[PDB]
Each structure stands twice: as C-alpha cells, then as structure tokens.
Amino acid sequence: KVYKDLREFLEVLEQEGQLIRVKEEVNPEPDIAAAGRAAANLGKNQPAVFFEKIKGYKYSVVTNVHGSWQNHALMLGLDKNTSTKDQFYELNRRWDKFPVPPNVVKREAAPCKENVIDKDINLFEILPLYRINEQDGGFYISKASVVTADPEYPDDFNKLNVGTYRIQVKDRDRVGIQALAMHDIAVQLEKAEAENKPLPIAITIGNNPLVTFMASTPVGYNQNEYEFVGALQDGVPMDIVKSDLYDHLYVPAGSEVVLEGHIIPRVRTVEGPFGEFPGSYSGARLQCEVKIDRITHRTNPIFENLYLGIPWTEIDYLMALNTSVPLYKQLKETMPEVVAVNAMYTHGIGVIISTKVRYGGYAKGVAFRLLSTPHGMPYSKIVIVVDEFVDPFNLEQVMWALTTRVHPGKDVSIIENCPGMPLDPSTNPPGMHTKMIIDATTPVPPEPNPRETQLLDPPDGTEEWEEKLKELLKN
Amino acid sequence: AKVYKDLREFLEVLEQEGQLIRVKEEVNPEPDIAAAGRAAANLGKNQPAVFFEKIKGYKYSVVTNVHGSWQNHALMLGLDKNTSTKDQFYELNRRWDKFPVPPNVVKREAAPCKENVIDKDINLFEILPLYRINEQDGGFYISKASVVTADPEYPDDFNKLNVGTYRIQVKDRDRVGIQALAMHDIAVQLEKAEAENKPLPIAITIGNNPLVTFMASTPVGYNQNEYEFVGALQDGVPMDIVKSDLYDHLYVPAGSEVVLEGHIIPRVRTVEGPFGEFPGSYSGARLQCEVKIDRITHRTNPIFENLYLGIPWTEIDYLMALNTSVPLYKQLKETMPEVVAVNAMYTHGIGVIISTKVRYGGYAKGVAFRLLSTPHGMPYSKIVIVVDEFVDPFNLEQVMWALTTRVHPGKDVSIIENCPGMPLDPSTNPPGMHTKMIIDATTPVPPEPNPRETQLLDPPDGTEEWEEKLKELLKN
Amino acid sequence: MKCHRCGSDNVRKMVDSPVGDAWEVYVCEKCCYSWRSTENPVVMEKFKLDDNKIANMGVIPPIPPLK
Ligand SMILES: [Cl-]
Ligand SMILES: [Mg+2]
Ligand SMILES: [Mg+2]
Ligand code: NA
Ligand code: NA
Ligand code: NA
Ligand code: NA
Ligand code: NA
Ligand code: NA
Ligand SMILES: [Zn+2]
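In structure tokens:
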C-alpha cells in the first residue's frame, strides 16, 4: 500500500479501526492536547483522533497519526498487527534501495497548489493553531517537514535537506524555528548568516506518513530524504513540485499546507518554553525567526499536529525506528560484525548495540563509531554493547548481559567534555554531556579472561521434550 | 608522469636519477645486506636504493632501500625527485579520488612473472637470496611482500580480494610462517576458513611495482580492492594483473619478480619470531600461522625486493609515512567535512595528530572517536591529538603550541581503558590491547563554556607591507 | 649438533647452498629456529626457549571454534 497524500493514509487508518472522529465541536486550548495525551495513554492499538470542528477555526485537525505500532505498520503498507522486529527488518530491506529519484510534476498537478495566499498573510485563517502544553510559550507546530537548500550549492539536490523542527507561532505571518546546532539546517543557516543573507525555507504540514518519517530520520547531509521515501515505498518514486517563490526548493505534491518563507538572518528572539520528549519543559532560549512570504494549501486543509510529553507519546513512536535503522546502517557499513541497534529510548540518548566481537575490545570500537555518527555524536549519552546473541530490544536480556559480562573496572568508560544535546535535562554544561560506554560483551583475545564465561548448551532432548510437554498439556 | 609496469623499470629510473648504487663485489648475506640497509637509511637524506649483484651462496641478486627516502618516494609517484613532502601529500590526495580504476587482466603469456614455474622439489633458496635481517631474528625473513588472499565466503567478489603486507619467516625449503595479525584484513578471511577447518589459498608476491607495495601497506576498507587504487595513483592508467596458476579468484601483478602460490594450514600455529620490528625493538616470539608453498612462478634472473627495518626511520617508516595518513584523512573527511588534515607518519600511526574545524562544542572528541573507529586507527592509534583548523598537524612545533595553550588536562585529556590494541607496540601490558589517550588541543566552541579569552591576535596593520620593505632594505 | 635457542637434538639440515659448498642451513623443528653454517649464532638468554615457554606462548591470531 503506497500513499501519495495524508488523506489516503487517514482513509486506511479508518478502514482498519485505527482512527476515530470527534464530530462534536471542541475548544482548542485544553482539549486537542488532552485528546493527544489520552490517545497515547491507551497503551496499545492507539488510534489517530480526527477533530471535525474547532471553536474558532474553519478547518480540522488530526493528532496521534503515528502514535502506535498499528499505525506505524500501516504506514509501511504492512498488516496492522505486524510485529516490531518484523517492521524493523522490512525497513532494513527497503533502505538498501536508497537512490530512488523522486518524480517532479507540473504545478497544475499538485493539490498543494490549489489555493494561494499572497495578500495579508494569516496562519490562523487556515491552521487551527492550539497550545500543546500548559506552560508552552505559545501555539506550536510540532509535526512539520521543513525544506531548506544549501546556499553554497543551491543546485545540488543531495544538499537539499528536509527535517522536523518545532515551530512557535509568533504573529499572523512570523514563526520561530528551533535550528539546533547539530542538525542539518544549522549547517545551511551558518553559511547564510555568514553573509547576512536570508535562508529560503518551506514548511510543509500534513504529508505522506513516510515523508514525516524521513524528515525525523538522521541521514547524512549529502542524502536527499525524498529519495529515501521512494526506497521505503519499495521503489515507487514520490511526487514533488517546485516551490512558487524559490527554485531549488521542492515540496511534496500532496501536502495539506506549504509555508514558503525565509529565515531572518542574524536575529534571535524569545522562543519557548516548550514541553519536549524527555517529559520536561525545555527552557526558553533566543532562537531564529521566520517570515512567511506566501501560503499554498489544499482546499479544506487538515492540520497534522502531534502531542509530546512524558515519554511514549506520539513522537516516541515516530522516532522509535527511524532512529535505530540509520544508526544500524551507518555502523554496519564500516563494521559488518554489528547485529542490531536499539535507539528507541528518548530519541537515542540511550543506545544498545548487539555485535560480534571481532577482536579484544572491539565493543569499545563499535561504541566509538556510534559516538562519531551524525545522530549519536551529539545525542547518544549511554551506549551499552552486548554480544551477537543478545537481543538489544529485550531489556531483560540486556539486564542479564550487564549483570554477568560487565566488570566496572574495565568495561565501563566515562569520557568528559563530549558533544551533547541541550534537550537532555541532565547536561550540567547544557548542550554538552559526559559519555558513558558499557562493554557488556564477553571478553575475546587478546583480552585476558581467566574465568569461564561460555554459555551452556541445552540438554540433549530439549527440542523434542518441548513438543512432548506441549502435547501432554493438551489434556 | 612515468608509470611503471615492473620493479625493473622503477630501478632504472632510480639509477638515472642517481638514487641507486650497485654493489658489484660479492658479499656474504649475513651481516652485510642488513648493514647496508641500515647504513642506507642512516645517510639521512637523498638515501638511495642499494642493489647487490652477487651474494655468496645464491645465484640471483637483491635490492634493499627501494622506498627508503623522500626522493625515491617522489619518483615512485612519477613526480620530480625533489618534490616536497606536502606536494606529494596533495598529489596523493588528488589521484585518490579516481578510486575505482578497474585493473587490466592480461594473458598468461604476457605476464613476466609466469616465465618460470617450479613444481618438483620446491626450494625457496634456489630463487630467493634469503638472509637474516637482524641478529636475534628467529630466521630468514621476507619483509617487503605483497600477499594476495580472497574471501572464502565470497570468492567471486573481486572487491573482497585483498592484498596486503605481512612479515614472512622462512621455516623450510617449501614452508613459511606468516604473521596474520588479528586487526588486518587477512585475519578476517583466515577466521572464515579456520571456522570450517579449511585451508586458505594465498599468493605471496615479491618485487613489484612500487605502487603495488605502497597499496599493500595501505589500510583501506575491506570491500576495496587495492589493484583498483593502483590505477588511481597511476592517474587513471590501469595496472596489469594475471590470474594465479593454482587458484582462480586470486590475481597477482603481471610484472612480479617472484610469486609463491600456496595455502595457509588451518588451525595450526608454530614458533614465529622473534623479529626486529619498526618500533626499534625485537618483537617476541609467538605462535603464528604456517603456509605451504605449492608452486613457484618467477621471472628470469629474479630480483629480491627486501627491506631493512629497525630503530625508526628505516625504509619502512618512509613507506608508511603517507599511505597511512591519506586513507585516514579520506576516511574521516567522508563523515566529517570539517577535518583539514591528518598526520600519521609516526610509528605507523600509533600516534595521530588531526587538524579540524570545530563545528560545535566538543566536536574534537567526536573526530577522535571517528579516528578510533576506523580500520587502521581503531587497533593502532594509541595517542590521538586534535588541533584547530589553522594548526599544521605535520608541524610538531605548532602542535607543541596547541598542547601548551589549548589543553586543560581536567577536561581536554581523556583516557579509555580496555580498547583494541596492536601487539607490536611494546608498551601494551595486556599485549595487543592498549588504553587510549585523546587530547583535545582545540579552542573551545559553544556550547562548551569558556570564561577565558582564547582568540588569536590579528597581526598589526602594516605587517604585510613591512615584510617587503624589510626584505628590500636587507638587499644592501 | 644441538639447537642454539632450545638445546634440542632434533635438528636437521634444511638446505644446501645453491652454488658450491658455500654453506648449509639448519632448522630446529622443536622451535623453528633456523641458522646458516657460516654465522655462529649466540641466542641471547632473553630469547632462549624450553618446552615450558613454548607451551604457554600465546597464539596470533586466535583459533576460532569449529561450528
Ligand atoms: Cl580572561
Ligand atoms: Mg537530513
Ligand atoms: Mg585491504
Ligand atoms: Na539531504
Ligand atoms: Na532528516
Ligand atoms: Na566485558
Ligand atoms: Na592494503
Ligand atoms: Na578488498
Ligand atoms: Na580544548
Ligand atoms: Zn630449538
């Protein structure tokens, strides 16, 4: 099942019983947030909730689109009950089709160009903006795919990057974007601000769930996320169209809303505070401002926003696999011994790696590679490495590897003054944290090991005795 | 410019440039071939290759200091004999980017290495003037040798065919011992073979194109074929290879002086060493693999390209100077474009100095992490120093400045226990495993706090013009 | 004739000089030590070997399990 717009995916979600409609009119302030928190609180099979009527606004909103493993599987076109490891292996396969050039279409063929706003600009006319958490500094746009191009190489389609950044609405036509220093957009912004020139930007809302997926994926700078979408669609290229005001800028053809504008250079204003994925408010800082120059949107647009907060909200499901897969691939390219990578916990700040130990101390080398990767160098604070046969996704086994294979005299390594992530509320020098590497692997030569650590082979008949017991129980 | 197809063409150029001398007198092999090699490198600069025409017991000849000088190193690349070090580093940096240059397979009749075949009673001493390199060495050794092995799991994948350099102790007329170090590519293929108790086919080549010997010692990735790199360093001219006689999947240079086709005996180790190595000390004897020579092919009047090694800056140190830094620089730059240059000339990369721009706070430690997760640097690099973009990592004077003014040992020095090591390092107490040390000699960048002032001074206004006015006034 | 490194008598001739009667080469076969008949070797006490040292010598590289 391949989707060209958000509406096709929503239709599938409803056919599978993973979408519920709030037909009654509802206040935007305390309710859209509460419904988002409640939806994730359901535990399992969490559906997306679709608001048909909002007190002050004309159009509708959708929350918790990605907020469950059921929705995550339908995103990949798989059975709604496909398991976690099944989806992880399906992503591992489609990933290897990487370069799948997108399909450029004429402007008339793009639904996102149905309506254009050029006169007095007002986001509230078209977007039912609401406040996400009580102490948030304002109305936010959480789930949004932002398109920027490298000023130095504006023609290189590879250096065109699309990612997700939180956006605070500050006026009818200006918003604030969190251009974190470690993300791709900051590389392009520095090049522009070094010449006091604005950076063209396109903010898309309500996209193909795969587009939203790749936006939040920590792929390399020289890799275009649209080409990954074609790979995740199993070779079916996705449709993009050129932005009205800026060439070199391409947006999905089926977007609900496109905000074309520019980042005002060398200017910072009061952004935040904002409740983030660690379950805590992130303090207010001076962050960039964006001026909205033009709006294109589909008729009757739908606002795809998300709630985030105390963990395992919608965002934690979105980031569960799109963070683990590229880290596994990035590691696997240099080190074929790596088995799997688990980075689902708090956006990869904790990573568990399963690997064969080629030679003594190889576990530390694997950790070093993870800490020198685009997403793990600034994000990963605690890196646990386990053997080939340990499932890094089975915390029970990881706890066994910790208790039986970790000698804190040698296996625990703590490194000061390494790149950090400011959103982690533990960093004492904010944006800068001390890394901890835990080698829960069995020692391999030339590392000396006087003890016996080899695992027990199961008794002889265990295979057959499993069947004989199951049969005896059927009485 | 000048591209060489055999070792003999290169030797001719070395002699035309006054970088090769002939020892016409007969000289017995034991104390002399080693002494001449040490003396050649001891000459300091413009060190020539020495060619021995007559050896007391043997029929053929040997040449020792082929790579043992910057002059020979420059002529190897087809550059002017006096081309500077930084000029050669930039020339390698350029040609490297032509990487996939498919080699040219030639007919067997066209390969000089196939001129002679030995199948009956096999004797290395008949064709190779074997000699002892250092006094306490365990036996006669073959230091400079390009060894070709193929992946047992994927024997048809030409990329997984790897050629590298390993020291070889001659243990009998038809058996030798190879040092299959655990961190090198050959050990990956050997494990696959020994996990099934199957031998590993191998081809030991001697006396090759100096670029082939160069790529053999270069720590490129496993899935990268070294013959394809030779074509790149020849500026697009593919090199000539021929299929091995006994083993397909195995390709050797067409112009090799000697080719030894055989197999590594699986799950067997014997007493190899001791052997004087590049750190200037004897490496202790250990139990290492043996290979059985099944057949020998060689050119008429073969030449034995061996080298002397010992107290550092022998021939081997010149060979490893640039072929270690270039792939490390390229490997880092692929992930982190902020890296400027990498210096790994010292003790075969056990000490590495990296120059880089610091994108954000602590980025220097991340660069060090990448260097410590690279094929070569993970087991080899013990001391990793990172300096700013504007420091020349090859200028130890500046590196000494960065250490004294940018290193706060409270935070900038990080020591990590129980990390992969290299056994030839005589300092590793758990041998083959050393504690890493990272030194961040870069200027702090946000969000790393810095209460002090560390920005560099802009030179006074007229400094540019005053340099000329002073130089002009001096011309009196 | 004994071996200069381990003192075993299980030593044999490995090869003759290809040209004339210049020299011969001998091999230990208990510790693999080879030497030429011309050079009179004197192994340093640091590098000598007995059956005990060869036993606990340490291998490079390790032998994998068999499957
Ligand atoms: Cl001060
Ligand atoms: Mg990106
Ligand atoms: Mg290799
Ligand atoms: Na990109
Ligand atoms: Na992205
Ligand atoms: Na351990
Ligand atoms: Na190599
Ligand atoms: Na290779
Ligand atoms: Na520093
Ligand atoms: Zn002996």
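Protein chains in written order, with the working numbering: chain E, 123 to 597; chain S, 10 to 485; chain U, 11 to 77.
Every residue gets a Cβ at the ideal spot worked out from N, C-alpha and C, and that includes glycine.
A distance of 7 Å or more separates the beta carbons of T418 (chain E) and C540 (chain E). For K532 (chain E), a Cβ of chain S is located within less than 7 Å of the residue's own Cβ.
Here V335 (chain S) really is in contact with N102 (chain S); their C-beta atoms are around 6 Å apart, less than 8 Å. Non-local beta-carbon contacts of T339 (chain E) in its own chain, meaning distances under 8 Å to residues more than five positions away in sequence, involve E347, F350, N444, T445, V447, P448 in chain order. Contact annotation: the stretch 401-421 of chain E does not touch the stretch 161-172 of chain E, with fewer than three C-beta pairs closer than 8 Å.
Taking the Cα positions, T94 (chain S) is about 22 Å away from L316 (chain S). Between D254 (chain S) and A263 (chain S), the C-beta spacing is not below 7 Å. The stretch 16-30 of chain S makes contact with the stretch 48-57 of chain S; the number of CB pairs closer than 8 Å reaches 3 or more.
A straight line joining the alpha-carbon of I447 (chain S) with that of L23 (chain S) spans about 41 Å. Not flagged as an interface residue toward chain U: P458 (chain E), since no C-beta distance is shorter than 7 Å. In the DSSP annotation of this structure, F399 (chain E) is not part of any beta strand (DSSP E), being labelled neither H nor E.
For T227 (chain S), the distance from the CB to the nearest heavy atom of ligand 7 is below 6 Å. Proximity of chain S to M554 (chain E) at the Cβ level (cut-off 7 Å) is accounted for by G370, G371, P456, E457, in chain order. For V348 (chain S), same chain residues with a beta-carbon under 6 Å away, outside a window of 5 residues either side, are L341, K342, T365 in chain order.
Distance between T391 (chain E) and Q233 (chain S), taken at the CA atoms: about 50 Å.
Proximity of chain S to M54 (chain U) at the Cβ level (cut-off 7 Å) is accounted for by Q145, in chain order. One thing to note: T214 (chain S) has its Cβ no nearer than 7 Å to the Cβ of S152 (chain S). Counting the other Cβ atoms within 10 Å of the Cβ of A119 (chain S) gives fewer than 16, which makes it exposed.
If you look at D306 (chain E), you'll find it in the alpha helix (DSSP H) that goes 306-315. Scanning its chain for C-beta atoms nearer than 7 Å, with the 5 sequence neighbours on each side dropped, one finds around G430 (chain S) the residues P388, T437, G441, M442, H443, in chain order. In the displayed model, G285 (chain E) falls within a strand according to three-state DSSP. For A10 (chain S), no alpha helix (DSSP H) segment is defined, and its DSSP state is neither H nor E. Taking the CA atoms as reference points, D449 (chain S) sits about 10 Å from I362 (chain S). Neighbourhood of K77 (chain U) in chain S, by CB distance below 8 Å: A204, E205, in chain order. For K451 (chain E), the enclosing alpha helix (DSSP H) covers residues 436-456. If you draw a straight line from the Cα of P456 (chain S) to the Cα of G186 (chain S), it is about 54 Å long. Annotation for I154 (chain E): the continuous alpha helix (DSSP H) segment containing it runs 153-163. Nearest neighbour of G370 (chain S) by Cα position, chosen from E:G482, E:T526, E:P544, E:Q409, turns out to be E:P544. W475 (chain S): member of the alpha helix (DSSP H) spanning 472-483, first to last residue.
Secondary structure at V280 (chain S): strand, using DSSP grouped into helix, strand and coil. A Cβ-Cβ contact shorter than 7 Å links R276 (chain S) with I73 (chain U). In its chain, beyond the 5 residues on either side, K313, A314 have a beta carbon closer than 6 Å to the beta carbon of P273 (chain E). Per DSSP, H194 (chain E) is not a residue of any beta strand (DSSP E); the alpha helix (DSSP H) it occupies stretches across 191-197.
Not a single C-beta of chain E is nearer than 7 Å to the C-beta of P28 (chain U). For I243 (chain E), the closest alpha carbon among the candidates E:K292, E:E585, E:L578, E:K557 is that of E:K292.
For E349 (chain E), the CB stays at least 6 Å from every heavy atom of ligand 5.
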